[PDB]
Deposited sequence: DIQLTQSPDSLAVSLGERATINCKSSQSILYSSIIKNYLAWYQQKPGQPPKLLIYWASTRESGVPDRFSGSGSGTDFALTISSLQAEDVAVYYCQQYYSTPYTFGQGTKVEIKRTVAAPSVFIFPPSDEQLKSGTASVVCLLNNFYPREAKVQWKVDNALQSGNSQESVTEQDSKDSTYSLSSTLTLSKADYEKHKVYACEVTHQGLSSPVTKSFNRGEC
């Protein structure tokens, strides 16, 4: 009913710098008797449930680092993290509790900020070839930031799926796996990431 839009969707900030997440409201979230905007900020680390950080858009919860701070009034609100650390890496939501039903924002991912080229590297196994399905896998081991095209004898679709891992504190990078999916057939993998598109192939 009362909408809540965030910006940006994704953000990468180096350690020791400032992060800024905006939250726009369809209506004013200000009460008459309390004169405080009923907005809350939440942090959801991977695998863990969301944790409340800031309520009333200005007041911080107990046990919250002093670097987290809230600001804004009316329909425009923001969350600022100064001196960013690795612990602050999570998806952040702004939620209104002015009146039921409660609404959340779409979420804001906080990634980590050197650009690394991807290491491109798989023929279908003979054991799987007996089963009647041929799987071809292309690997990007470590690269940052988070374009794979399958070449079927130099012919370009829809026979592959992508799975991307998540970066960690150690060696912050990304890994992508594209698994091309039939005994009727049976092969190049073209990757364009930030200097020329590499193309590793194999023959039957």
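What ranges of the deposited sequence are left out of this structure?
In sequence order, the gaps with no modelled C-alpha are 114, 123, 149-150, 161, 187, 193-197, 206-207, 218-220.
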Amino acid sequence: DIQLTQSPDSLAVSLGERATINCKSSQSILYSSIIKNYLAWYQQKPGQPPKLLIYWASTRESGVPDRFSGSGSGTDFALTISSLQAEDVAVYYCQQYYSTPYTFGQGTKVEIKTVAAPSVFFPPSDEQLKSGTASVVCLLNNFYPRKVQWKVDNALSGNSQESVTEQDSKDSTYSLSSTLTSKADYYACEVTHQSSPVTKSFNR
From here on, numbers count along this sequence of modelled residues.
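Per the record, averaged over C-alpha atoms, which has the higher B-factor: 81-89 or 94-102?
If you average the C-alpha B-factors of 94-102 and of 81-89, the larger mean comes out for 81-89.
When the C-alpha temperature factors are averaged for each of 132-140 and 24-32, which stretch ends up with the higher value in the entry?
Stretch with the greater average CA B-factor: 132-140.
If you rank every modelled residue in this chain by C-alpha B factor, which third holds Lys45: lowest, middle or highest?
Tercile = middle for this residue's CA B-factor.
Which third, lowest, middle or highest, does the CA B-factor of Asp76 fall in along this chain?
Its C-alpha B-factor, which the entry lists for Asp76, ranks in the lowest third among residues of this chain.
Using the B-factor values recorded in the entry, state whether the Cα atom of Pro145 falls in the lowest, middle or highest third among the modelled residues of its chain.
According to the entry, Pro145 has a C-alpha B-factor in the chain's highest third.
Going by the entry, which third of its chain does the Cα temperature factor of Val164 land in?
Within its chain, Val164 is a middle-third residue by C-alpha B-factor, going by the deposited values.
How does the C-alpha B factor of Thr114 compare with the rest of the chain: lowest, middle or highest third?
Answer is lowest: the recorded C-alpha B-factor places it there.
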